[PDB]
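Please read the structure below before turning to the comments.
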Amino acid sequence: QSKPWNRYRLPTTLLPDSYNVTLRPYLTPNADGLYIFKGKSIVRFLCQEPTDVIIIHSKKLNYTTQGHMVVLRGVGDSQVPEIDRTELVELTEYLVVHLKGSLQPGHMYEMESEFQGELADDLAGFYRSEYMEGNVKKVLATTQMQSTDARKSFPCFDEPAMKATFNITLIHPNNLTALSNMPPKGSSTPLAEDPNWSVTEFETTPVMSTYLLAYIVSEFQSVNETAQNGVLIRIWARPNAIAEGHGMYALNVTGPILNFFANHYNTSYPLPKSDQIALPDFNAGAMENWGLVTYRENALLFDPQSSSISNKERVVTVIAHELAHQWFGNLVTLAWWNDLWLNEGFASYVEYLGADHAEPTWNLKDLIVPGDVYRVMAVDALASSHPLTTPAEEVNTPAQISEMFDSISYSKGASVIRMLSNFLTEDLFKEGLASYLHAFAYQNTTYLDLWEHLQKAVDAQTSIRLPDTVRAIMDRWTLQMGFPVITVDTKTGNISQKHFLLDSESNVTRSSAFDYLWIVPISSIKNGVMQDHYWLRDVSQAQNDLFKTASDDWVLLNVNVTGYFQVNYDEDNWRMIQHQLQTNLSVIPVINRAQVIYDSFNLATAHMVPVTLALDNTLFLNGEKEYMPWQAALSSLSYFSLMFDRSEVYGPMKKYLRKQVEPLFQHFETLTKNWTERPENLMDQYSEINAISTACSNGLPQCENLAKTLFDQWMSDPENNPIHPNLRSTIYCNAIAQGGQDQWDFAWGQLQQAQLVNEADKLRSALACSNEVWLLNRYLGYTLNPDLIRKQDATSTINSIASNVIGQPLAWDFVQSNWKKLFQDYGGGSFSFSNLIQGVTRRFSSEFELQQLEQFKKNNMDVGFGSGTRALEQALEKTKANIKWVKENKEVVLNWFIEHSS
Amino acid sequence: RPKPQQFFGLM
Ligand SMILES: *[C@@H]1O[C@H](CO)[C@@H](O[C@@H]2O[C@H](CO)[C@@H](O[C@@H]3O[C@H](CO)[C@@H](O)[C@H](O)[C@H]3NC(C)=O)[C@H](O)[C@H]2NC(C)=O)[C@H](O)[C@H]1NC(C)=O
Ligand SMILES: *[C@@H]1O[C@H](CO)[C@@H](O[C@@H]2O[C@H](CO)[C@@H](O[C@@H]3O[C@H](CO)[C@@H](O)[C@H](O)[C@H]3NC(C)=O)[C@H](O)[C@H]2NC(C)=O)[C@H](O)[C@H]1NC(C)=O
Ligand SMILES: *[C@@H]1O[C@H](CO)[C@@H](O[C@@H]2O[C@H](CO)[C@@H](O[C@@H]3O[C@H](CO)[C@@H](O)[C@H](O)[C@H]3NC(C)=O)[C@H](O)[C@H]2NC(C)=O)[C@H](O)[C@H]1NC(C)=O
Ligand SMILES: *[C@@H]1O[C@H](CO)[C@@H](O[C@@H]2O[C@H](CO)[C@@H](O)[C@H](O)[C@H]2NC(C)=O)[C@H](O)[C@H]1NC(C)=O
Ligand SMILES: *[C@@H]1O[C@H](CO)[C@@H](O[C@@H]2O[C@H](CO)[C@@H](O)[C@H](O)[C@H]2NC(C)=O)[C@H](O)[C@H]1NC(C)=O
Ligand SMILES: *[C@@H]1O[C@H](CO)[C@@H](O[C@@H]2O[C@H](CO)[C@@H](O)[C@H](O)[C@H]2NC(C)=O)[C@H](O)[C@H]1NC(C)=O
Ligand SMILES: *[C@@H]1O[C@H](CO)[C@@H](O[C@@H]2O[C@H](CO)[C@@H](O)[C@H](O)[C@H]2NC(C)=O)[C@H](O)[C@H]1NC(C)=O
Ligand SMILES: *[C@@H]1O[C@H](CO)[C@@H](O[C@@H]2O[C@H](CO)[C@@H](O)[C@H](O)[C@H]2NC(C)=O)[C@H](O)[C@H]1NC(C)=O
Ligand SMILES: *[C@@H]1O[C@H](CO)[C@@H](O[C@@H]2O[C@H](CO)[C@@H](O)[C@H](O)[C@H]2NC(C)=O)[C@H](O)[C@H]1NC(C)=O
Ligand SMILES: *[C@@H]1O[C@H](CO)[C@@H](O)[C@H](O)[C@H]1NC(C)=O
Ligand SMILES: *[C@@H]1O[C@H](CO)[C@@H](O)[C@H](O)[C@H]1NC(C)=O
Ligand SMILES: [Zn+2]
């Protein structure tokens with residue numbers, strides 16, 4: 001019989017009711033350089049079943065409580081047993097209070113403690129963040145509880161289902177602002193023991209999870225809006241960022257987004273206020289703390305003067321994502337981390353819906369397809385993938401919990417939920433969603449609860465008919481990994497499904513309860529006209545006339561790629577599709593014009609179509625003005641460039657892409673009035689960005705001319721940059737590529753004086769575009785100088801140099817020679833040896849290069865590889881795959897490009 | 001924690 005304090009899950013014998021927590025960060029170090037926080041807490045809990053032990057979470061806390069580590073009292077007139085002893089059990093992160101008698105069912109108890117911890121710069125629990133304002137190093141205190149770190153700030157029953165109300169008090173320097181989940185109760189009062197400090201009490205939280213608590217002490221200022229319903233909206237940031245107006249876009253979109261969600265969810269925003277705060281270098285990206293959402297600065301702030309349209313899109317979607325959680329996740333909370341995919345998957349889908357509401361002309365909802373669907377299919381088409389669902393009993397330790405937060409959980413989660421909403425219809429999905437939120441408000445759920453409420457909505461109507469229960473259908477998409485390729489023979493209308501793997505030689509060893517068969521919702525378009533919807537049942541092969549064609553007709557499946565699968569056709573149908581796109585592309589929805597490209601390249605990788613069929617699918621692009629299909633092609637061809645840009649294949653490839661993109665360049669040349677004014681909507685701006693990128697990188701003289709002229713103009717007047725932020729990355733790069741040390745030194749100067757990270761990033765990247773060996777070598781010589789290149793930017797810069805075909809050997813020589821820097825940078829910040837190894841060896845595709853990677857590895861004796869260990873093994877494995885791919889594809893691909901470049 | 005995801009992704 002194992003002791004309960006040696007088990008990772010808490011007993012269910014005691015449940016929390018409410019907590020008082022007072023925290024006091026000390027933002028001045030103790031002279032040895034240690035920063036601490038002090039705290040005091042009282043938790044009131046109810047005894048459900050008799051027990052003589054209290055087990056509560058505690059991590060890295062020292063107790064200063066009088067007597068034992070806690071004091072234990074009865075609520076009202078309840079008696080309390082005496083404490084035998086208190087002990088900390090570090091492995092399972094518990095404070096354990098052994099009692100001399102048993103607590104009694106139905107009785108409430110209050111347990112008080114006093115404690116302190118390090119206010120470490122570790123982004124965990126209550127922690128410190130250091131940044132610069134002019135001459136001064138500033139330090140603030142802030143929180144990150146996600147997932148199991150509330151217990152690092154105060155002792156608590158730190159599991160998400162164990163909800164309670166929280167009364168937070170902050171004790172802080174009197175000239176700093178204190179924020180938490182709720183509004184402050186009133187004005188701060190001076191601390192009696194030292195009036196240099198103030199005390200800020202916050203209103204009681206709703207019933208809520210520990211992982212969603214937040215409290216922050218800083219010098220931050222805000223911009224504000226009061227919504228019509230009295231809800232106060234604030235964006236918080238560094239005083240200088242606020243003063244420059246960088247919080248305005250976030251402020252602009254927040255009101256509309258909250259309004260969208262209240263309506264979408266049929267549920268009022270559950271808090272009196274909304275704070276969002278931009279933190280410098282918040283590595284977690286963003287965190288949905290209820291009423292006080294934290295973001296890295298570059299995710300929330302926006303500078304219209306220097307930021308591109310893609311920055312704007314990042315802000316509105318990141319906001320919509322975190323605000324989505326203020327209902328789904330925070331109001332109704334998944335009972336355990338094994339169901340994290342539902343929470344993050346749901347937010348990862350509806351972020352597009354929320355953002356679309358704020359920017360209705362942007363067609364943002366489309367972006368889930370390239371952004372999430374095809375992104376996650378890359379890793380879900382591997383034998384090494386995993387199902388969305390995990391048994392709760394397999395997820396116990398904080399490490400196992402962290403593993404829940406991956407591409408599958410977020411992106412496949414979003415994909416399958418989007419598929420679900422689509423086959424139910426949004427109206428029906430929303431009914432079940434509202435029912436679910438209403439039923440479980442301030443409580444906890446599993447994914448089965450959502451399915452049940454969606455089933456109730458289906459059962460209450462007669463229009464939408466499903467081939468099975470919602471649960472049975474969704475089980476196919478959640479209980480087994482991967483997805484099917486749907487293959488259609490249009491001569492017969494025969495339709496088949498099989499588990500899709502990119503590696504046709506791969507062995508799947510993870511068994512499925514369903515033998516890798518799905519229940520698949522299949523929409524289709526025939527000759528541009530929508531057909532009746534179809535469901536492929538759990539069978540390998542079926543037949544339907546919907547998918548049978550005449551000689552001159554065509555069919556296309558999975559309209560707008562709402563379904564989580566890829567489609568293959570017989571060659572005849574592929575040609576009819578190709579013919580349609582060649583003569584009138586408008587007949588096929590833009591998303592599907594992209595899908596044809598995405599799927600065919602994947603199918604070619606899997607040896608299900610010849611690579612030439614996939615390349616044939618790019619032929620229509622000379623008449624394509626829209627973003628997504630061009631994006632599909634560029635994404636699919638980046639590997640081709642990577643394998644071939646040092647070979648005889650490259651000339652014909654460059655020429656072919658010049659032929660394809662020249663008309664688009666011409667189109668935008670006129671549309672933009674000689675480049676003086678951007679296209680109006682987001683998609684058209686993205687298309688222009690990619691068009692100029694593709695034209696210049698493939699050597700279109702007109703683009704090269706544009707880049708030289710603008711950069712010359714900039715050099716003639718450094719303070720007035722004539723290059724629109726959307727075009728900076730391309731214009732900078734191509735101009736530095738054309739020029740020498742004059743263009744290089746100018747951009748270097750601009751980089752050194754750059755006040756803004758995103759602009760500094762563009763400049764750093766563009767400096768790697770030089771075609772002068774001596775410049776790229778000198779530049780490599782800077783990457784390790786922290787006065788010239790930030791340590792956190794070093795590997796990125798080397799990678800950018802490696803990406804330059806000329807820089808490739810230079811960077812590889814640099815990494816080998818200076819690998820004697822692992823013992824200077826496994827302790828001096830991470831560095832990321834893993835990402836650096838992958839970037840520099842990315843191109844390797846020959847036996848000779850494999851020999852060099854092996855010979856470099858022959859320094860196994862000492863120094864090792866660190867966090868890049870086995871990333872080095874990944875590189876050796878990938879090189880082998882590349883060798884095999886180039887050998888199989890070189891001849892066929894060379895001839896295709898030659899043939900189709902006029 | 002925050003993920004929208006960057007809008008490329010394709011193997
Ligand atoms: C969690 O924190 C709460 C906020 O501090 C505590 O509630 C407060 O308790 C105070 C006294 O313990 C009350 O303040 C005043 O104290 C004088 C002492 O001289 C009393 O006589 C008065 O009753 C009281 N003043 C008034 C106007 O009633 C606060 O009233 C009270 N605040 C509330 C209820 O919002 C909780 O006690 C604390 N929880 C635990 C378990 O200790
Ligand atoms: C929680 O309690 C821990 C154990 O008491 C503390 O960790 C200890 O910190 C001590 C003081 O900083 C260290 O001991 C010695 O301290 C003196 C004076 O600062 C130094 O001259 C010595 O070099 C130092 N000794 C050593 C070996 O470094 C200990 O390092 C350390 N002890 C242990 C067992 O880890 C935590 O500091 C404390 N945390 C908080 C937030 O209060
Ligand atoms: C947050 O929302 C605000 C209100 O919608 C936006 O304010 C708008 O800013 C626009 C860009 O600066 C202005 O457009 C034009 O600016 C030029 C440059 O000076 C002028 O020639 C034009 O006269 C002017 N607009 C018009 C319609 O003539 C808008 O004036 C202004 N709109 C309003 C209603 O005040 C903010 O831009 C927005 N912030 C962000 C970052 O998006
Ligand atoms: C946190 O503050 C709230 C609000 O003041 C406290 O709620 C009160 O609790 C007492 C004792 O159980 C009740 O008699 C009152 O009815 C409650 N008031 C309200 C408005 O709900 C709560 O007890 C506090 N938490 C702790 C741990 O003391
Ligand atoms: C809050 O008060 C503190 C202390 O008076 C200020 O911190 C000092 O700021 C000056 C620069 O103005 C520095 O030279 C000192 O080193 C700081 N002292 C300490 C102990 O850190 C702080 O600037 C004030 N902040 C605001 C927003 O008013
Ligand atoms: C949630 O949805 C319900 C049901 O649709 C809303 O109630 C309806 O509101 C409209 C507003 O004009 C009325 O015409 C209907 O008669 C109402 N239906 C019912 C059954 O009451 C409700 O307003 C929504 N609530 C929130 C908080 O968004
Ligand atoms: C986790 O969630 C469930 C609901 O899904 C909670 O159980 C409900 O509790 C409420 C309020 O006491 C009751 O009215 C319901 O009848 C319960 N529903 C059930 C048992 O299905 C449960 O309390 C939550 N767990 C914790 C630890 O709070
Ligand atoms: C389409 O599917 C049908 C089966 O439903 C295939 O036709 C069958 O072929 C086998 C060959 O052994 C015969 O024994 C069956 O009697 C046939 N069934 C018929 C004619 O109804 C057909 O080959 C498939 N065509 C494809 C995949 O292109
Ligand atoms: C496929 O996606 C497109 C968007 O890419 C959808 O087109 C939108 O349709 C709605 C309703 O008909 C309109 O309000 C929008 O203005 C359309 N946008 C564009 C850019 O055309 C289309 O509805 C989707 N097709 C299907 C069958 O769902
Ligand atoms: C899969 O198993 C077969 C044995 O039938 C083997 O030939 C092959 O190398 C294995 N792995 C891969 C990646 O193909
Ligand atoms: C092509 O098809 C679109 C969509 O049906 C139609 O609006 C357009 O008139 C057609 N264009 C030509 C040149 O036939
Ligand atoms: Zn999220």
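Quick note on naming: the chains in the structure tokens go A, B, ... in the order shown, residues restart at 1 in each chain, and ligands are numbered from 1 in order of appearance.
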
Stretch 864-872 of chain A surroundings by only C-alpha atoms, 9 Å radius, close-in-sequence under 4 positions cut, as a list in words: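 Counting only the stated atoms, we get residues 819, 822, 826, 830, 832, 833, 834, 835, 836, 837, 838, 853, 857, 859, 860, 876 and 877 of chain A.
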
Can those selected residues be exported to a file as a CSV table (one decimal), in the first residue's frame so that it contains C-alpha atoms?
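The resulting file, part.csv, is reproduced below:
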chain,number,residue,atom,x,y,z
A,819,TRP,CA,31.8,24.0,-31.3
A,822,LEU,CA,29.3,24.4,-25.7
A,826,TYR,CA,25.2,25.6,-21.8
A,830,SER,CA,20.6,28.1,-23.5
A,832,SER,CA,19.7,26.3,-28.8
A,833,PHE,CA,22.3,23.9,-30.1
A,834,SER,CA,19.4,21.9,-31.5
A,835,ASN,CA,18.0,24.6,-33.9
A,836,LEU,CA,21.5,25.7,-34.9
A,837,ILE,CA,22.5,22.1,-35.9
A,838,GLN,CA,19.3,21.6,-37.9
A,853,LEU,CA,28.7,15.2,-40.5
A,857,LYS,CA,30.7,13.7,-34.7
A,859,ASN,CA,34.7,14.4,-31.2
A,860,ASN,CA,32.5,12.3,-28.9
A,876,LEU,CA,22.4,12.3,-39.8
A,877,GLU,CA,19.0,10.6,-40.3

Give me the residues near stretch 312-328 of chain A as JSON, numbers by chain, where near means some atom within 7 Å (using only C-alpha atoms) and where sequence neighbours in that chain fewer than 3 positions away do not count. {"A": [250, 253, 257, 258, 261, 287, 288, 290, 299, 300, 302, 308, 309, 331, 332, 343, 347, 348, 350, 351, 352, 354, 355], "B": [2, 4]}

Using only C-alpha atoms and all ligand atoms, find the one residue out of A:441, A:544, A:281, A:400 that sits nearest to ligand 8.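 Between A:441, A:544, A:281, A:400, the residue approaching ligand 8 most closely is A:544.
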
Chain A near ligand 1 within 7 Å: what's each residue's closest atom pair and its distance in Å to one decimal, counting only C-alpha atoms and all ligand atoms, ordered by chain then ascending residue number, as CSV?
residue,atom,partner,partner_atom_place_in_ligand_line,distance
A:20,CA,ligand 1,1 (C),5.0
A:42,CA,ligand 1,41 (C),6.0
A:44,CA,ligand 1,41 (C),6.7
A:110,CA,ligand 1,41 (C),6.3
A:167,CA,ligand 1,2 (O),6.6

Within 7 Å of ligand 5, which residues show up when you count only C-alpha atoms and all ligand atoms? List them as a PyMOL selection string, please. chain A and resi 28+136+175-176+219

Residues of chain A within 8 Å of chain B, counting only C-alpha atoms, as a PyMOL selection string: chain A and resi 146+284-288+314+317-318+321-322+344+348+351+367-368+370-372+374-379+410-411+598+602+631+635-636

Taking only C-alpha atoms and all ligand atoms into account, which residues have an atom no farther than 6 Å from ligand 9? I'd like them as a list in words. residues 366, 559 and 560 of chain A

Give the residue list for ligand 3 at 10 Å, counting only C-alpha atoms and all ligand atoms, as a PyMOL selection string, sorted by chain and then by residue number. chain A and resi 245-253+301-305+307+312

Ligand 8: which residues are within 9 Å, counting only C-alpha atoms and all ligand atoms? Reply as a ChimeraX atom specification. /A:488-496,541-543

Hey, which residues come within 10 Å of ligand 6 if we count only C-alpha atoms and all ligand atoms? Could you give them as an MDAnalysis selection string? chainID A and resid 259 261:269 430:431 434:435

Collect all residues with atoms no farther than 12 Å from ligand 11, counting only C-alpha atoms and all ligand atoms, and output them as number ranges by chain. A: 527-529, 580-590

Restricting the calculation to only C-alpha atoms and all ligand atoms, which member of A:624, A:87, A:133, A:118 is positioned closest to ligand 2?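 The shortest atom-to-atom distance to ligand 2 comes from A:118.
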
At most 8 Å from ligand 10 (only C-alpha atoms and all ligand atoms): residue list as a ChimeraX atom specification: /A:503-507

Let me see if you get this right: every residue at most 12 Å from ligand 2, counting only C-alpha atoms and all ligand atoms, written as a PyMOL selection string. chain A and resi 25-26+29-39+59-64+114-120+126-127+152-153
